[PDB]
Amino acid sequence: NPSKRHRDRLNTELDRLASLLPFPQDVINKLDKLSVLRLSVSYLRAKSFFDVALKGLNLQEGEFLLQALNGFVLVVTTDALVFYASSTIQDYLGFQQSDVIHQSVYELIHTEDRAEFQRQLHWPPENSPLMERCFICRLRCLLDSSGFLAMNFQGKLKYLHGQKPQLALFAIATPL
Amino acid sequence: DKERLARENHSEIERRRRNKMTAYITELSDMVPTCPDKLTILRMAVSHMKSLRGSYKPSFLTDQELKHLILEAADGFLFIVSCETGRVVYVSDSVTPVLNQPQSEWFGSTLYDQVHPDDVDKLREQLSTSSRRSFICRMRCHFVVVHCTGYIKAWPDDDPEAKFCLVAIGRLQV
DNA sequence: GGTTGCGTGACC
DNA sequence: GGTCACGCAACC
Ligand SMILES: [Er+3]
Ligand SMILES: [Er+3]
Ligand SMILES: [Er+3]
Ligand SMILES: [Er+3]
Ligand SMILES: [Er+3]
Ligand SMILES: [Er+3]
Ligand SMILES: [Er+3]
């Protein structure tokens, strides 16, 4: 039929796109078709924002940055959606970044601390003295933990561009 | 015998799959060279992706994007130093907003020269090499409190195991 | 022949 | 609770 070709050639592009994503093959192949799109736009959003803001070991640098840090990096929006979760989130919380991005941050936070976090999202010029955030919060953990691993977000909330003028929390997770 | 209702709630669910599907296409059409057929938007999206880009490491974010990000959220800079001889191996350009004097008196100088005198003895203890080390020290420009976190990697994928070096990042303590 | 949406069912 | 694949009725 012609509808079967419709859906088919509509799928092959999702498969190619997925294969182009910047994750290990282990996770790429188990990606839900919706996830493909969702995170695939998360990628482009990050690239745009970094192009506007940023407008041989230099390569090894990134890798070194992820491992050398005692925790992981988090970028959330006022919509309370993980704009970014570094690969190392798996190393301390047992979550794969693939399934953390573009998912309600509140699905990682303890109910008690959920409120305080919601307050940390919303308090403003670019680099004010205000809205420097350094708060403690407990985040779900999947390691052998008792769930709710306690750690400490030290970060600097700043304006998020490239999306369409919303704010966002850019922070580091310090486990201790 | 009203199961049709609960199967009518099934419709509502499958519907959101569309909205979520379509809504992403629109989202995925705002990060592309356009303001249209969806399929076309997906082919153009593939094109965009391929334009952006043995063992090889993919990355959501490049070294510039991480370097920057860490430098924004925490005021952290990377440095690799030699695990015994106080010899610096590498320092990112992020040593300019955190501290000053980038890439001159840090380029070939010993890490012991960049710290306090009364911290040398407390530092060599970290570099015994007798897997992951973290500490705090006082760094030059007069002086600031720097929290250093990192791991040990050697400098010359196996099945069992791999002069060493301290690969760490230092950020202003708080 | 194209694509946009809709209500079903099987299969988890 | 959700995914994936049908087939259908529209319409350029
Ligand atoms: Er899903
Ligand atoms: Er790199
Ligand atoms: Er309690
Ligand atoms: Er029935
Ligand atoms: Er700062
Ligand atoms: Er000097
Ligand atoms: Er081997």
# chains A, B, ... in the order shown; residues from 1 in each chain; ligands from 1
$ interface_residues --of "chain D" --to "chain A" --cutoff "9 Å" --atoms "only C-alpha atoms (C1' of nucleotides)" --output "PDB file with C-alpha atoms (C1' of nucleotides), in the first residue's frame"
ATOM      1  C1'  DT D   3       4.608   1.574  21.747  1.00  0.00           C
ATOM      2  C1'  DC D   6      -2.401  -0.996  10.844  1.00  0.00           C
ATOM      3  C1'  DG D   7      -6.149   0.703   8.038  1.00  0.00           C
TER       4       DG D   7
END
$ residues_near_ligand --ligand "ligand 1" --cutoff "12 Å" --atoms "only C-alpha atoms (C1' of nucleotides) and all ligand atoms" --output "PyMOL selection string"
(chain A and resi 30-39+98-100+102-103) or (chain B and resi 14+16-17+20-21) or (chain D and resi 1-4)
$ residues_around --residues "residue C:5" --least-positions-apart "6" --cutoff "10 Å" --atoms "only C-alpha atoms (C1' of nucleotides)" --output "PyMOL selection string"
(chain B and resi 15+18) or (chain D and resi 9-10)
$ closest_residue --among "A:111, A:166, A:152, A:87" --to "ligand 3" --atoms "only C-alpha atoms and all ligand atoms"
A:111
$ residues_around --residues "residue C:8" --least-positions-apart "5" --cutoff "12 Å" --atoms "only C-alpha atoms (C1' of nucleotides)" --output "list in words"
residues 4, 7, 8, 10, 11 and 14 of chain B; 5, 6, 7 and 8 of chain D
$ write_last_selection --atoms "N, CA and C atoms (P, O5', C5', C4', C3', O3' and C1' of nucleotides)" --output "PDB file, in the first residue's frame"
ATOM      1  N   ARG B   4     -15.550   0.035  25.968  1.00  0.00           N
ATOM      2  CA  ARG B   4     -15.252   1.024  24.943  1.00  0.00           C
ATOM      3  C   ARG B   4     -14.764   2.327  25.556  1.00  0.00           C
ATOM      4  N   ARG B   7     -11.215   1.777  26.466  1.00  0.00           N
ATOM      5  CA  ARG B   7     -10.551   1.779  25.170  1.00  0.00           C
ATOM      6  C   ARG B   7     -10.697   3.122  24.468  1.00  0.00           C
ATOM      7  N   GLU B   8     -11.649   3.951  24.902  1.00  0.00           N
ATOM      8  CA  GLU B   8     -11.689   5.343  24.472  1.00  0.00           C
ATOM      9  C   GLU B   8     -10.654   6.175  25.213  1.00  0.00           C
ATOM     10  N   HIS B  10      -7.866   4.721  25.898  1.00  0.00           N
ATOM     11  CA  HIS B  10      -6.717   4.274  25.121  1.00  0.00           C
ATOM     12  C   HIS B  10      -6.477   5.197  23.933  1.00  0.00           C
ATOM     13  N   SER B  11      -7.550   5.618  23.261  1.00  0.00           N
ATOM     14  CA  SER B  11      -7.411   6.572  22.166  1.00  0.00           C
ATOM     15  C   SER B  11      -6.720   7.845  22.640  1.00  0.00           C
ATOM     16  N   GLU B  14      -2.953   7.230  22.889  1.00  0.00           N
ATOM     17  CA  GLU B  14      -2.319   7.182  21.576  1.00  0.00           C
ATOM     18  C   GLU B  14      -2.343   8.544  20.901  1.00  0.00           C
TER      19      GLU B  14
ATOM     20  P    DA D   5       6.838   0.093  13.563  1.00  0.00           P
ATOM     21  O5'  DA D   5       5.527  -0.523  12.883  1.00  0.00           O
ATOM     22  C5'  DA D   5       5.120  -1.842  13.210  1.00  0.00           C
ATOM     23  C4'  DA D   5       3.644  -2.035  12.937  1.00  0.00           C
ATOM     24  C3'  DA D   5       3.191  -1.627  11.533  1.00  0.00           C
ATOM     25  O3'  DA D   5       2.613  -2.738  10.863  1.00  0.00           O
ATOM     26  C1'  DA D   5       1.733  -0.746  13.195  1.00  0.00           C
ATOM     27  P    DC D   6       2.717  -2.873   9.267  1.00  0.00           P
ATOM     28  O5'  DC D   6       1.193  -3.038   8.806  1.00  0.00           O
ATOM     29  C5'  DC D   6       0.354  -1.895   8.731  1.00  0.00           C
ATOM     30  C4'  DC D   6      -1.001  -2.157   9.359  1.00  0.00           C
ATOM     31  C3'  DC D   6      -2.180  -1.678   8.532  1.00  0.00           C
ATOM     32  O3'  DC D   6      -2.690  -2.753   7.759  1.00  0.00           O
ATOM     33  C1'  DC D   6      -2.401  -0.996  10.844  1.00  0.00           C
ATOM     34  P    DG D   7      -2.812  -2.621   6.166  1.00  0.00           P
ATOM     35  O5'  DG D   7      -4.265  -1.995   5.963  1.00  0.00           O
ATOM     36  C5'  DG D   7      -5.364  -2.533   6.676  1.00  0.00           C
ATOM     37  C4'  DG D   7      -6.263  -1.430   7.188  1.00  0.00           C
ATOM     38  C3'  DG D   7      -6.867  -0.547   6.102  1.00  0.00           C
ATOM     39  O3'  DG D   7      -8.212  -0.910   5.860  1.00  0.00           O
ATOM     40  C1'  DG D   7      -6.149   0.703   8.038  1.00  0.00           C
ATOM     41  P    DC D   8      -8.993  -0.295   4.600  1.00  0.00           P
ATOM     42  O5'  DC D   8      -9.355   1.195   5.061  1.00  0.00           O
ATOM     43  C5'  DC D   8     -10.638   1.474   5.613  1.00  0.00           C
ATOM     44  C4'  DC D   8     -10.629   2.767   6.407  1.00  0.00           C
ATOM     45  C3'  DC D   8     -11.014   4.011   5.617  1.00  0.00           C
ATOM     46  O3'  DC D   8     -12.409   4.256   5.709  1.00  0.00           O
ATOM     47  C1'  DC D   8      -9.230   4.418   7.194  1.00  0.00           C
TER      48       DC D   8
END
$ select_by_dssp --residues "chain B" --states "alpha helix (DSSP H)" --output "compact mmCIF listing (two decimals) with C-alpha atoms, in the first residue's frame"
# COMPACT_ATOMS: atom_id res chain seq x y z
CA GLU B 3 -15.07 -1.21 28.01
CA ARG B 4 -15.25 1.02 24.94
CA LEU B 5 -14.83 3.91 27.39
CA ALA B 6 -11.54 2.56 28.75
CA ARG B 7 -10.55 1.78 25.17
CA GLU B 8 -11.69 5.34 24.47
CA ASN B 9 -9.17 6.39 27.11
CA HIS B 10 -6.72 4.27 25.12
CA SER B 11 -7.41 6.57 22.17
CA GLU B 12 -6.60 9.64 24.28
CA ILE B 13 -3.25 8.07 25.16
CA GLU B 14 -2.32 7.18 21.58
CA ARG B 15 -3.37 10.72 20.65
CA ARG B 16 -0.81 12.38 22.93
CA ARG B 17 1.78 10.20 21.22
CA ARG B 18 0.85 12.13 18.07
CA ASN B 19 0.87 15.57 19.71
CA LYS B 20 4.17 14.70 21.37
CA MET B 21 5.32 13.35 18.01
CA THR B 22 4.13 16.38 16.05
CA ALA B 23 5.12 18.86 18.76
CA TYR B 24 8.71 17.62 18.49
CA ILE B 25 8.66 18.02 14.70
CA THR B 26 7.74 21.68 15.23
CA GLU B 27 10.45 21.98 17.87
CA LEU B 28 12.80 20.15 15.50
CA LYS B 38 7.12 16.79 8.44
CA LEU B 39 9.09 14.24 6.42
CA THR B 40 10.98 17.10 4.79
CA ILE B 41 11.72 18.49 8.27
CA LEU B 42 13.17 15.11 9.26
CA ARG B 43 15.39 14.86 6.18
CA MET B 44 16.60 18.41 6.80
CA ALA B 45 17.21 17.49 10.44
CA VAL B 46 19.35 14.52 9.35
CA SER B 47 21.22 16.91 7.06
CA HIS B 48 21.86 19.29 9.97
CA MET B 49 23.06 16.43 12.17
CA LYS B 50 25.51 15.12 9.57
CA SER B 51 26.78 18.69 9.16
CA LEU B 52 27.52 18.91 12.89
CA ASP B 63 35.66 20.40 24.86
CA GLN B 64 34.91 24.08 24.26
CA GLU B 65 31.33 23.66 25.46
CA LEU B 66 32.27 21.70 28.58
CA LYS B 67 35.28 23.91 29.37
CA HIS B 68 32.98 26.91 29.09
CA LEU B 69 30.11 25.37 31.05
CA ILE B 70 32.22 24.25 34.02
CA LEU B 71 33.91 27.65 33.90
CA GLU B 72 30.46 29.26 34.24
CA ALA B 73 28.74 27.16 36.89
CA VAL B 120 54.15 21.87 49.62
CA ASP B 121 54.54 19.23 52.33
CA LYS B 122 50.77 18.73 52.49
CA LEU B 123 50.72 18.32 48.69
CA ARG B 124 53.55 15.82 48.17
$ closest_residue --among "A:12, A:96, A:1, A:146" --to "chain C" --atoms "only C-alpha atoms (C1' of nucleotides)"
A:1
$ residues_around --residues "residue A:49" --least-positions-apart "5" --cutoff "8 Å" --atoms "only C-alpha atoms (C1' of nucleotides)" --output "VMD selection string"
chain A and resid 160 to 163
$ write_last_selection --atoms "C-alpha atoms" --output "PDB file, in the first residue's frame"
ATOM      1  CA  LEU A 160      19.260  30.890  28.502  1.00  0.00           C
ATOM      2  CA  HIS A 161      19.179  31.885  24.821  1.00  0.00           C
ATOM      3  CA  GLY A 162      18.932  30.088  21.490  1.00  0.00           C
ATOM      4  CA  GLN A 163      15.430  28.773  22.247  1.00  0.00           C
TER       5      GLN A 163
END
$ interface_residues --of "chain C" --to "chain B" --cutoff "12 Å" --atoms "only C-alpha atoms (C1' of nucleotides)" --output "list in words"
residues 2, 3, 4, 5, 6, 7, 8 and 9 of chain C
$ write_last_selection --atoms "N, CA and C atoms (P, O5', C5', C4', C3', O3' and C1' of nucleotides)" --output "CSV table (one decimal), in the first residue's frame"
chain,number,residue,atom,x,y,z
C,2,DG,P,3.7,8.6,-2.8
C,2,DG,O5',3.2,10.0,-2.2
C,2,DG,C5',4.0,11.1,-2.6
C,2,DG,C4',3.6,12.3,-1.7
C,2,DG,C3',3.5,12.0,-0.3
C,2,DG,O3',4.7,12.4,0.4
C,2,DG,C1',1.5,13.1,-1.1
C,3,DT,P,4.8,12.1,2.0
C,3,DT,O5',3.7,13.1,2.6
C,3,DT,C5',3.9,14.5,2.7
C,3,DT,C4',2.8,15.1,3.5
C,3,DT,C3',2.9,14.7,5.0
C,3,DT,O3',2.5,15.8,5.8
C,3,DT,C1',0.8,14.0,4.0
C,4,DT,P,1.7,15.5,7.2
C,4,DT,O5',1.5,16.9,7.9
C,4,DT,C5',0.3,17.6,7.7
C,4,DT,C4',-0.9,17.1,8.5
C,4,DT,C3',-0.6,16.3,9.8
C,4,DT,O3',-1.1,17.0,11.0
C,4,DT,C1',-2.2,15.1,8.5
C,5,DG,P,-0.9,16.4,12.4
C,5,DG,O5',-2.2,15.7,12.8
C,5,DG,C5',-3.5,16.3,12.7
C,5,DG,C4',-4.6,15.3,12.5
C,5,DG,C3',-4.8,14.4,13.7
C,5,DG,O3',-5.9,14.8,14.5
C,5,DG,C1',-5.0,13.2,11.6
C,6,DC,P,-6.2,14.1,15.9
C,6,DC,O5',-7.0,12.8,15.5
C,6,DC,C5',-8.3,12.9,14.9
C,6,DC,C4',-8.8,11.5,14.6
C,6,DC,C3',-8.7,10.5,15.8
C,6,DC,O3',-10.0,10.5,16.5
C,6,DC,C1',-8.1,9.5,13.7
C,7,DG,P,-10.0,9.8,18.0
C,7,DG,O5',-10.4,8.3,17.7
C,7,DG,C5',-11.5,8.0,16.9
C,7,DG,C4',-11.5,6.5,16.6
C,7,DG,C3',-11.4,5.6,17.8
C,7,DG,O3',-12.5,4.7,17.8
C,7,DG,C1',-9.7,5.1,16.2
C,8,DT,P,-12.5,3.4,18.8
C,8,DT,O5',-11.8,2.3,17.9
C,8,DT,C5',-11.4,1.0,18.5
C,8,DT,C4',-10.5,0.2,17.5
C,8,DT,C3',-9.8,-0.9,18.1
C,8,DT,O3',-10.6,-2.1,18.1
C,8,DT,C1',-8.4,0.3,16.6
C,9,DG,P,-10.6,-3.1,19.3
C,9,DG,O5',-9.3,-4.0,19.1
C,9,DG,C5',-9.0,-4.6,17.8
C,9,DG,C4',-7.6,-5.0,17.7
C,9,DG,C3',-7.1,-5.8,18.9
C,9,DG,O3',-6.9,-7.2,18.6
C,9,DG,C1',-5.5,-4.0,18.2
$ select_by_dssp --residues "stretch 35-150 of chain A" --states "strand (DSSP E)" --output "PyMOL selection string"
chain A and resi 73-77+82-85+132-139+149-150
$ residues_near_ligand --ligand "ligand 3" --cutoff "10 Å" --atoms "only C-alpha atoms (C1' of nucleotides) and all ligand atoms" --output "compact mmCIF listing (two decimals) with C-alpha atoms, in the first residue's frame"
# COMPACT_ATOMS: atom_id res chain seq x y z
CA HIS A 110 12.93 13.87 46.76
CA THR A 111 9.47 15.22 47.55
CA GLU A 112 10.79 17.09 50.60
CA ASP A 113 13.59 18.81 48.67
$ residues_around --residues "residue A:71" --least-positions-apart "3" --cutoff "9 Å" --atoms "only C-alpha atoms (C1' of nucleotides)" --output "list in words"
residues 66, 67, 68, 88, 89, 91, 92, 172, 173, 174 and 175 of chain A
$ residues_near_ligand --ligand "ligand 7" --cutoff "12 Å" --atoms "only C-alpha atoms (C1' of nucleotides) and all ligand atoms" --output "PyMOL selection string"
chain B and resi 157-162
$ interface_residues --of "chain A" --to "chain B" --cutoff "9 Å" --atoms "only C-alpha atoms" --output "PDB file with C-alpha atoms, in the first residue's frame"
ATOM      1  CA  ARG A   9      10.293   6.056   4.561  1.00  0.00           C
ATOM      2  CA  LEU A  10       9.178   8.235   7.466  1.00  0.00           C
ATOM      3  CA  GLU A  13      14.939   8.894   8.620  1.00  0.00           C
ATOM      4  CA  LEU A  14      14.284   8.465  12.336  1.00  0.00           C
ATOM      5  CA  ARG A  16      19.411   7.396  10.494  1.00  0.00           C
ATOM      6  CA  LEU A  17      18.958  10.419  12.761  1.00  0.00           C
ATOM      7  CA  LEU A  20      23.768   9.971  14.276  1.00  0.00           C
ATOM      8  CA  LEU A  21      23.135  10.741  17.954  1.00  0.00           C
ATOM      9  CA  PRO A  22      26.154  11.191  20.280  1.00  0.00           C
ATOM     10  CA  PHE A  23      25.541   8.175  22.520  1.00  0.00           C
ATOM     11  CA  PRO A  24      26.949   4.639  22.659  1.00  0.00           C
ATOM     12  CA  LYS A  33      11.014   6.649  18.451  1.00  0.00           C
ATOM     13  CA  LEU A  34       9.719   9.593  20.507  1.00  0.00           C
ATOM     14  CA  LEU A  37      13.159  13.226  18.385  1.00  0.00           C
ATOM     15  CA  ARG A  38      12.974  14.627  21.939  1.00  0.00           C
ATOM     16  CA  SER A  40      17.573  14.972  19.123  1.00  0.00           C
ATOM     17  CA  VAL A  41      16.185  18.486  19.576  1.00  0.00           C
ATOM     18  CA  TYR A  43      21.110  18.332  21.143  1.00  0.00           C
ATOM     19  CA  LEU A  44      20.419  21.098  18.623  1.00  0.00           C
ATOM     20  CA  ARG A  45      19.193  23.440  21.364  1.00  0.00           C
ATOM     21  CA  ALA A  46      22.449  22.991  23.272  1.00  0.00           C
ATOM     22  CA  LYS A  47      24.450  23.582  20.091  1.00  0.00           C
ATOM     23  CA  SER A  48      22.580  26.808  19.323  1.00  0.00           C
ATOM     24  CA  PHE A  50      26.694  27.344  22.839  1.00  0.00           C
ATOM     25  CA  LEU A  54      30.912  31.057  22.713  1.00  0.00           C
ATOM     26  CA  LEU A  57      45.222  17.754  24.442  1.00  0.00           C
ATOM     27  CA  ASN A  58      42.624  20.446  23.710  1.00  0.00           C
ATOM     28  CA  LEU A  59      40.544  17.434  22.655  1.00  0.00           C
ATOM     29  CA  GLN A  60      41.304  15.231  25.675  1.00  0.00           C
ATOM     30  CA  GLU A  61      40.164  18.224  27.750  1.00  0.00           C
ATOM     31  CA  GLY A  62      36.438  17.462  27.742  1.00  0.00           C
ATOM     32  CA  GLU A  63      36.863  13.826  28.759  1.00  0.00           C
ATOM     33  CA  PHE A  64      39.247  14.931  31.499  1.00  0.00           C
ATOM     34  CA  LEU A  65      36.691  17.487  32.654  1.00  0.00           C
ATOM     35  CA  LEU A  66      33.912  14.946  33.034  1.00  0.00           C
ATOM     36  CA  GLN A  67      35.996  12.435  34.981  1.00  0.00           C
ATOM     37  CA  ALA A  68      38.121  14.858  37.032  1.00  0.00           C
ATOM     38  CA  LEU A  69      34.977  16.440  38.490  1.00  0.00           C
ATOM     39  CA  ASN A  70      33.707  14.622  41.609  1.00  0.00           C
ATOM     40  CA  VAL A  73      26.916  18.849  35.353  1.00  0.00           C
ATOM     41  CA  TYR A  84      21.668  18.969  29.983  1.00  0.00           C
ATOM     42  CA  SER A  86      26.576  15.134  31.644  1.00  0.00           C
ATOM     43  CA  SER A  87      27.506  11.528  30.917  1.00  0.00           C
ATOM     44  CA  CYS A 134      24.510  26.958  46.276  1.00  0.00           C
ATOM     45  CA  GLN A 154      26.743  24.629  43.465  1.00  0.00           C
ATOM     46  CA  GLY A 155      25.906  26.675  40.393  1.00  0.00           C
ATOM     47  CA  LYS A 156      25.209  30.034  38.828  1.00  0.00           C
ATOM     48  CA  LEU A 157      21.786  30.719  37.343  1.00  0.00           C
ATOM     49  CA  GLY A 162      18.932  30.088  21.490  1.00  0.00           C
ATOM     50  CA  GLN A 163      15.430  28.773  22.247  1.00  0.00           C
ATOM     51  CA  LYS A 164      12.195  30.008  20.678  1.00  0.00           C
ATOM     52  CA  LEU A 169      20.156  27.011  36.270  1.00  0.00           C
ATOM     53  CA  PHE A 170      23.648  25.895  35.229  1.00  0.00           C
ATOM     54  CA  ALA A 171      25.167  24.005  38.124  1.00  0.00           C
ATOM     55  CA  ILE A 172      27.535  21.306  39.314  1.00  0.00           C
TER      56      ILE A 172
END
$ residues_around --residues "residue A:120" --least-positions-apart "4" --cutoff "9 Å" --atoms "only C-alpha atoms (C1' of nucleotides)" --output "list in words"
residues 115, 116, 131, 133, 135 and 169 of chain A
$ residues_near_ligand --ligand "ligand 6" --cutoff "8 Å" --atoms "only C-alpha atoms (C1' of nucleotides) and all ligand atoms" --output "CSV table (one decimal) with C-alpha atoms, in the first residue's frame"
chain,number,residue,atom,x,y,z
B,104,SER,CA,52.8,32.0,31.2
B,105,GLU,CA,53.9,31.3,34.8
B,106,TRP,CA,51.7,28.2,34.7
B,109,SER,CA,56.3,26.1,36.0
$ decode --residues "stretch 152-165 of chain A" --atoms "N, CA and C atoms" --output "PDB file, in the first residue's frame"
ATOM      1  N   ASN A 152      24.923  18.203  46.731  1.00  0.00           N
ATOM      2  CA  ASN A 152      24.902  19.654  46.906  1.00  0.00           C
ATOM      3  C   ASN A 152      25.133  20.351  45.570  1.00  0.00           C
ATOM      4  N   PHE A 153      24.108  21.051  45.086  1.00  0.00           N
ATOM      5  CA  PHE A 153      24.199  21.819  43.848  1.00  0.00           C
ATOM      6  C   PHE A 153      24.885  23.154  44.101  1.00  0.00           C
ATOM      7  N   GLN A 154      26.058  23.340  43.495  1.00  0.00           N
ATOM      8  CA  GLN A 154      26.743  24.629  43.465  1.00  0.00           C
ATOM      9  C   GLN A 154      26.752  25.104  42.018  1.00  0.00           C
ATOM     10  N   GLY A 155      26.052  26.200  41.754  1.00  0.00           N
ATOM     11  CA  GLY A 155      25.906  26.675  40.393  1.00  0.00           C
ATOM     12  C   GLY A 155      25.504  28.130  40.338  1.00  0.00           C
ATOM     13  N   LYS A 156      25.484  28.633  39.110  1.00  0.00           N
ATOM     14  CA  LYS A 156      25.209  30.034  38.828  1.00  0.00           C
ATOM     15  C   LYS A 156      24.083  30.098  37.805  1.00  0.00           C
ATOM     16  N   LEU A 157      22.913  30.542  38.245  1.00  0.00           N
ATOM     17  CA  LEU A 157      21.786  30.719  37.343  1.00  0.00           C
ATOM     18  C   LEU A 157      22.070  31.866  36.381  1.00  0.00           C
ATOM     19  N   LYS A 158      21.867  31.625  35.085  1.00  0.00           N
ATOM     20  CA  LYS A 158      22.100  32.642  34.066  1.00  0.00           C
ATOM     21  C   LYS A 158      21.054  32.520  32.965  1.00  0.00           C
ATOM     22  N   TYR A 159      21.027  33.523  32.088  1.00  0.00           N
ATOM     23  CA  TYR A 159      19.992  33.609  31.066  1.00  0.00           C
ATOM     24  C   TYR A 159      20.251  32.615  29.941  1.00  0.00           C
ATOM     25  N   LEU A 160      19.190  31.934  29.519  1.00  0.00           N
ATOM     26  CA  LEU A 160      19.260  30.890  28.502  1.00  0.00           C
ATOM     27  C   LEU A 160      18.724  31.448  27.189  1.00  0.00           C
ATOM     28  N   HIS A 161      19.543  31.394  26.144  1.00  0.00           N
ATOM     29  CA  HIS A 161      19.179  31.885  24.821  1.00  0.00           C
ATOM     30  C   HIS A 161      19.200  30.733  23.822  1.00  0.00           C
ATOM     31  N   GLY A 162      18.940  31.065  22.558  1.00  0.00           N
ATOM     32  CA  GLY A 162      18.932  30.088  21.490  1.00  0.00           C
ATOM     33  C   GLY A 162      17.637  29.326  21.337  1.00  0.00           C
ATOM     34  N   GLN A 163      16.696  29.488  22.265  1.00  0.00           N
ATOM     35  CA  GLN A 163      15.430  28.773  22.247  1.00  0.00           C
ATOM     36  C   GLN A 163      14.312  29.728  21.854  1.00  0.00           C
ATOM     37  N   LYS A 164      13.349  29.215  21.092  1.00  0.00           N
ATOM     38  CA  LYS A 164      12.195  30.008  20.678  1.00  0.00           C
ATOM     39  C   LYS A 164      11.162  29.131  19.978  1.00  0.00           C
ATOM     40  N   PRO A 165      13.438  33.807  25.300  1.00  0.00           N
ATOM     41  CA  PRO A 165      14.312  34.405  26.316  1.00  0.00           C
ATOM     42  C   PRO A 165      13.974  33.946  27.735  1.00  0.00           C
TER      43      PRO A 165
END
